[PDB]
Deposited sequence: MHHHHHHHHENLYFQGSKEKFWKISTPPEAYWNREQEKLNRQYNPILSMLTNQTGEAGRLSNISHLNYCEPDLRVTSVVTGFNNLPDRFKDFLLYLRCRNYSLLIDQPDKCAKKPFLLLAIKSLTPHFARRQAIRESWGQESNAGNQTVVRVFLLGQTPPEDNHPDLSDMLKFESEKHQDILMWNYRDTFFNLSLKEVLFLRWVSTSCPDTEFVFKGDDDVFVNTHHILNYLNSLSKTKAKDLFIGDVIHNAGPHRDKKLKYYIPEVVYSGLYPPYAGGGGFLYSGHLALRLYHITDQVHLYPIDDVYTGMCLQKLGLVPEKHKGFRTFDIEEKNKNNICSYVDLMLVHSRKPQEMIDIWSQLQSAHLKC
């Protein structure tokens, strides 16, 4: 293949599969990979996010600057992992007070971590480090790694989080991973998990699954991908707004990430890893990555049988959660 990602991924396959038989690491090489500037046609005219992505593609051994090593001291039933950016204090606090509160009903432990990278001064971010330290010491739910938190590094956020699950939470029965702008019906998720056989729970992966998609080639769009970078269709994948999977599958996914090069779209990368495990993510009608109908937004009963809705402001999560607590008396 002439697209760079497909070509490098093909070399990874030959390295991990002897059946294809007939030098720098791809995991901890953290100097700029200068070979790309001549191998990728038109490299110097690509947007800077693609330049950074290609140059540092082969580095993924980043360290935890803020950890919660005992977050899973009690074996969790459901681990909530929410991707967030440093300045999103209102979003995280609204999630703590509403659908992301830690609980222990029925001795089914629900624990919560927020997943952050760094917002460094070199990239003109305001210094909010003291506020973040304050928030971490009070709420103890912040995991932070030492890489530039950007959209094109979100698949790195996924791999580093899966590494944390494998080292610090390998016994969690289920994992929900989602965004910090979605409302999640945590009560409905728990009822769904308790209705699953152990056979079905073992390789659980459900979400708003997209089939037969491909890279957008419109340079003006958010998910634009040049043809010199990737070619062909995307594997099936759940919309990143939120998906639900078992801890057992989380450990298998982490192991397989070594065999898949990082990709600028994080939920596509998780689909590539599922495909390499021989699994297909399962569409579930309760995942509304594109919101619900206008008139239904006002009726709390529209939320009783949903898993999540995208998107919702901090104030809206709290209002929906509060009304939802008495929805069994009204719907």
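Taking the deposited sequence as numbered from 1, list the residue ranges that were left without C-alpha coordinates. Residues missing from the model, as numbered along the full deposited sequence, span 1 to 27, 50 to 61.
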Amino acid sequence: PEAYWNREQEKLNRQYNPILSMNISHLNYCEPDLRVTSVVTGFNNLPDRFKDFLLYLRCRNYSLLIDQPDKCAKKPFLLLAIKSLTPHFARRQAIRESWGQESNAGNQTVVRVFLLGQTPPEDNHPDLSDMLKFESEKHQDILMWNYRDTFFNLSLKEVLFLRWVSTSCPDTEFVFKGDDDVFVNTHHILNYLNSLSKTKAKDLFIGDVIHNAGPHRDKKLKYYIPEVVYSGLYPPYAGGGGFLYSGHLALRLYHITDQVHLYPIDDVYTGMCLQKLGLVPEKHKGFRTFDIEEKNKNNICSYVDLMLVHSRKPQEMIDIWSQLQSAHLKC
From here on, numbers count along this sequence of modelled residues.
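For the two forms, the rigid core is made up of the largest set of C-alpha atoms that agree within 1.5 Å on superposition.
Give, as the answer, the stretch of 262 to 270 and 285 to 293 that departs more from the shown form in 8 other deposited structures of this protein; the measure is RMS Cα distance after a core fit. Comparing 285 to 293 with 262 to 270, the one that moves more in 8 other deposited structures of this protein is 285 to 293.
152 to 160 versus 232 to 240: which one's CA atoms end up farther from this form in 8 other deposited structures of this protein after a core fit? Clearly, after the core fit, the stretch farther away in 8 other deposited structures of this protein is 232 to 240.
Absent coordinates for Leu308 in a third or more of other compared entries: Negative; every one of those entries includes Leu308.
Can you check if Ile320 is missing its coordinates in at least one third of the other PDB entries compared, counting only those that model the residues either side of it? No; none of the other entries leave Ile320 out.
Which wins on mean Cα temperature factor, 286 to 294 or 52 to 60? Mean B over CA atoms: larger for 286 to 294.
Please compare 198 to 206 with 173 to 181 and name the stretch with the higher mean C-alpha B-factor in the deposited structure. Higher mean C-alpha B-factor in the PDB entry: 198 to 206.
Among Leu79, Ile142, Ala105, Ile95, single out the one with the highest C-alpha B factor in the record, please. Of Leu79, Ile142, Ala105, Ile95, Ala105 has the highest C-alpha B-factor.
Selection by C-alpha B-factor (highest) of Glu122, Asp149, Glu158, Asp127: Largest recorded C-alpha B-factor: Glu122.
Going by the entry, which third of its chain does the Cα temperature factor of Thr109 land in? According to the entry, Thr109 has a C-alpha B-factor in the chain's middle third.
CA B-factor ranking of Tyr234, expressed as a third of its chain: Its C-alpha B-factor, which the entry lists for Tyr234, ranks in the middle third among residues of this chain.
For the chain shown, is the CA B-factor of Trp99 in the lowest, middle or highest third of its modelled residues? Within its chain, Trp99 is a lowest-third residue by C-alpha B-factor, going by the deposited values.
Among modelled residues of the same chain, the CA temperature factor third for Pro47: As the PDB entry reports it, the C-alpha B-factor of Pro47 lands in the middle third of its chain.
Position of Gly214 among the chain's modelled residues by C-alpha B-factor, lowest, middle or highest third: For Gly214, whose C-alpha B-factor we compare with every modelled residue in the chain, the answer is the middle third.
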